[PDB]
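Listed next as structure tokens is one chain, alone, in the form deposited in one PDB entry.
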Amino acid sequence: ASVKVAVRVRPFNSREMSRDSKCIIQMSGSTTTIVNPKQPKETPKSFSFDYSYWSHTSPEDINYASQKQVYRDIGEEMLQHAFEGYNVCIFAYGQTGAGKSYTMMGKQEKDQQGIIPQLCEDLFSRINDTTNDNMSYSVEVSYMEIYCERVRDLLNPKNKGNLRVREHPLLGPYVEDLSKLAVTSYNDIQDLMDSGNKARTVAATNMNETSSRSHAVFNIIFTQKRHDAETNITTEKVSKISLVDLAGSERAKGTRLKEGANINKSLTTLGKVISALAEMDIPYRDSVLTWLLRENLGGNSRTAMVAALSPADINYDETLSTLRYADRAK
């Protein structure tokens, strides 16, 4: 499938605990139902997806969708599509606090690593364990934040200023002066991640709360160089992997007119793009995010989205909204 959609519900968080929230979400197979706390005597609205991940409890539970499970269904198949020579995208969509960052980057400890570190680890593992003198590889990475139409390099502490996305008259859009680093090992790319994740939550980021108002894009340029001993020449196969942690879907009160405008525009545009992609079996320039990722959202590409869901009753409206958004992706 060129477009896969999964939803994932998390355990209660602190706000919900202090609120004595009821769980209004239940799952069965590929189906997720949601109860309207103000109307308990109804039958819940139902939704069906490629995957409905029940992670509302914990790894101690036999039925708990772990980071490992999610990655092996969605992430693993994407990496394989990249080895086959084509571009891929994985988006985490949802309300602030619903579980987007946890699903994508997760935690630094044992057992809690998200899609990004698991995919990177898997990649280098397949590379180093590739036995063949004719096959060599190169892995380059970029990590940035898209906030109010401007780009922030997370791999360069003194990213002096806000870099613009530009459209090369022939080779496509790109971020000017954005750092792209060649990495030769996992611990090395892992170093970059930690370093970038660190930059997303420093104290200064609380001024404009960019951790929840900007889109975080982790890009990997995967190049496979194929040698051939007969008539001695290499053929390069380049795959682009974009792993995205979108801005909170609820900010699309207290939200500034322009932050909200851009975020709405971004999420709305991404939705049209994906629905179109799923249609095929497209206004890219309408937002910086969809503009920068156009090549990873083409007819050749493959995309998957994981929509994070809060379990509690207090977030019924935003959670329904997220489910509808995922349902439209198709």
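In case it trips you up, residue 1 is the first one in the sequence shown, and so on. Rigid core: the largest C-alpha set superposing within 1.5 Å between the two forms.
- Gap check for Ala252 to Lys253: 4 to 9 deposited residues are absent from the model.
- The entry models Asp61 and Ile62 with no unmodelled deposited residue separating them.
- Comparing the deposited coordinates for 145-153 and 213-221, the stretch with the larger average C-alpha B-factor is 145-153.
- Note on 123-131 vs 183-191: mean CA B-factor is higher in 123-131.
- Sorting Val244, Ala247, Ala98, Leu163 by the CA temperature factor given in the entry leaves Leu163 at the top.
- Across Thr33, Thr303, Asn300, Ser266, the entry's maximum B-factor at the CA atom is seen for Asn300.
- Among the modelled residues of its chain, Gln67 has a C-alpha B-factor that falls in the lowest third according to the deposited record.
- Sort the chain's modelled residues by C-alpha temperature factor and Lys45 lands in the middle third, per the entry.
- In the PDB entry, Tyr102 places in the lowest third of its chain by CA B-factor.
- Among all modelled residues in its chain, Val88 ranks in the middle third by Cα B-factor.
- When the modelled residues of the chain are ordered by C-alpha B-factor, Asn296 sits in the highest third.
Omitted here: the form deposited in another entry. The next part is about that form.
- Measuring CA movement between this form and the one not shown with the rigid core aligned, the set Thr43, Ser28, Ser58, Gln69 has one residue at 2 Å or more: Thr43.
- Relative to the superposed core, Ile274 undergoes a C-alpha shift of no less than 2 Å between this form and the one not shown.
- With a cut-off of 2 Å and the rigid core superposed, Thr205 has a Cα displacement that reaches or exceeds the cut-off between this form and the one not shown.
- Closer approach of the C-alpha atoms of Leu297 and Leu323, by 3 angstroms or more, is seen in that other deposited form than in the present form.
- Between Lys272 and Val88, the Cα distance is greater in that other deposited form than in this structure, by no less than 3 angstroms.
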